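Shown next as structure tokens: one chain only, the form solved without ligand MTL.
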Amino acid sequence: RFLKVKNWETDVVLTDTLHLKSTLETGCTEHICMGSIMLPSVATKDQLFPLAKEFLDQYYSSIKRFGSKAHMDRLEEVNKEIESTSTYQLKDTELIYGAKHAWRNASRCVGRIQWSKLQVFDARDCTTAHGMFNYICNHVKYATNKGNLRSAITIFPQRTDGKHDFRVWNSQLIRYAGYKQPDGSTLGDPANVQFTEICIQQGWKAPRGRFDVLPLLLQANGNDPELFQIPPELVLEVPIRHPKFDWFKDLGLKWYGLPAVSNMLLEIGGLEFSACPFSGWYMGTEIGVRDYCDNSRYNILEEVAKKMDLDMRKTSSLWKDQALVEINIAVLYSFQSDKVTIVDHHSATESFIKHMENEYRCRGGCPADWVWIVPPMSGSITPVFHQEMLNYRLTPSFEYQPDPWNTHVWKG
């Protein structure tokens, strides 16, 4: 009832009781562990009050007024509004708390040491896709902050019935387009090929090149979504050069500064915000390992091996690893020389260990998904590899949701 997580590189032990607050289910059972399944898995007014009460009880317990006068009245206020409207509305302060804690509880996030420094943009007065575009542009500009990146989230109106849904159809505000070829291969980002042709469907005019920034596809209040192109002055990009290999520029590689995921659902006291794009800054490996070196992504280990004078015949020459380290020294160096915020997987994972100690101290635990926290290269030389982690689903939370084109009752 009070479980222990050990670190095996430092012999450090912490005791988890925060998992007792856990409510949702993990997909694991007593006889099966699903901690490597990628995505394991309309509401009524009955269900809504325990979720609202539970949330309000932790919000007022966090401003040091649990069960006090303001809390019992807010309880009644929301109870009455859920009887009346079969839903309710969060205070600005409750929205900001809920957002920061959804991040704080995101067990797959290695960057959560920053969770309390999150800028919450309340876009709950938005009514149209143009309104959404405007809010998103201000989000991008604000979070980019000329390379001194700042964490932010923009929260569009919550789901009501279910057919009046606000959705960003992009999986990230800033993504490079993916184009299939005659010979089957892929220019640009193979991840986004289907989306890059959904945009062409709704009317995008593709500049069929490499690092072409995709347009926004914004659905407001359930209406069919509409295309908007982010002003290119708002999309900050870092050209990737190496601090030794001058042929690295000839590779002609660049990535965007702002990782801003836009396809997930924010849940706060039973309220479902289906459009809530949030951004931080990149950890180096997400670009230099996964974006660049994934087989089904940019898949550039070919060239980086070549130009380095590498033994590509033998699988065991570790030419794949050797080009992988250089690519990540190059993204880091390129980003830092342009004063664009980036964190290397060593500093980010040490920060997470530090963050984990803070959580267990003042909170009683820190839900963490080892499978996602360990970086996708050099795993065991980072401190998180050796750190046992308990994963469990606290709320408020970010949750996956299906892509909107699989679910949307179209009409136009």
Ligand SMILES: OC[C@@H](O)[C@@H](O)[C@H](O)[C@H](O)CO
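Start at 1 with the first residue shown and count on from there.
Quick note: we don't show the form solved in complex with ligand MTL, though the next part is all about it.
J.: Only one of 133, 248, 333, 195 gets a heavy atom within 4.5 Å of ligand MTL in the deposited complex. Which one?
T.: It is 195.
J.: Could you spot which one of 191, 324, 129, 238 gets a heavy atom to within 4.5 Å of ligand MTL in the deposited complex?
T.: Of the candidates 191, 324, 129, 238, 191 is the one lying within 4.5 Å of ligand MTL in the deposited complex.
J.: Given that the partner is absent here, does residue 175 sit within 4.5 Å of ligand MTL in the deposited complex, heavy atoms only?
T.: Yes, contact at 4.5 Å.
J.: Hey, in the deposited complex, is residue 263 touching ligand MTL, heavy atoms inside 4.5 Å?
T.: The answer is yes: residue 263 has a heavy atom within 4.5 Å of ligand MTL.
J.: Answer with yes or no whether residue 171 is in contact with ligand MTL in the deposited complex, where contact means some heavy atom within 4.5 Å.
T.: Although ligand MTL is absent here, residue 171 would touch it in the deposited complex, with heavy atoms inside 4.5 Å.
J.: Do any residues of 373-412 have a non-hydrogen atom within 4.5 angstroms of ligand MTL in the deposited complex? If so, which ones, in sequence order?
T.: Residues within 4.5 Å: 403, 405.
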